[PDB]
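Provided below as structure tokens are two forms of one protein chain, presented individually as structure 1 and structure 2.
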Structure 1
């Protein structure tokens, strides 16, 4: 039923439905200046990794973002460390390196607008995009 349907379909078509489920939870959040992956995000990243291993043709781009006081260049560098941390986590779960690319956007594409710490927190993130 609903999100549990589709067991009758080919693997390719089951994967398209599964992509959509994964896009319901595809953001890793970070603390100020941090790029460590908290244990709170392990289960989600494991679901992404399992999908990627089962679908070798499907590629993911990890977008890194930042919203930290300092130069735009610093924000780009930190966004890269965030995206790379996710890539390394996925590779540690067996995903081929060639299925994962990373891009850092720094402060350039915020999720939330505003000049406050709450807004910043929603912006310090890495997003897994298919």
Structure 2
């Protein structure tokens, strides 16, 4: 049906709240085609709401040392930022934080834990 432009933003945010994670390859920090549509929806939202900022989380797997794992975390959030920047989102609206391997989603040493910890999360 046709909605009020108010709960239209509500439903919109819900989609942005739900699907804010870009998953990465092992040691790979390039954005896949799957999240393009996803990020293109984040971008359109952000530059329509100039006074709203997103923070991108950077995450690496257990392998490596915690301090150097920061490096892999930042470049993954940088690709996300750059993609949104290409779509027109201002640097003003974005800041990135890399945690390295400090905040896992899953625990263990199975690849299942690894693959889902190799992520880039967008928090509003």
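Residue numbers count along the first chain shown, from 1. Only residues modelled in both forms are compared. For the two forms, the rigid core is made up of the largest set of C-alpha atoms that agree within 1.5 Å on superposition.
- Taking the rigid core as fixed, one finds a CA shift for residue 112 smaller than 2 Å between structure 1 and structure 2.
- The Cα shift for residue 16 between structure 1 and structure 2, taken after rigid core superposition, is 2 angstroms or larger.
- Core superposition places the Cα of residue 74 2.7 Å apart between structure 1 and structure 2.
- After fitting on the rigid core, only one stretch of 3+ residues whose CA atoms all move by 2 angstroms or more between structure 1 and structure 2 is found, at 7-21.
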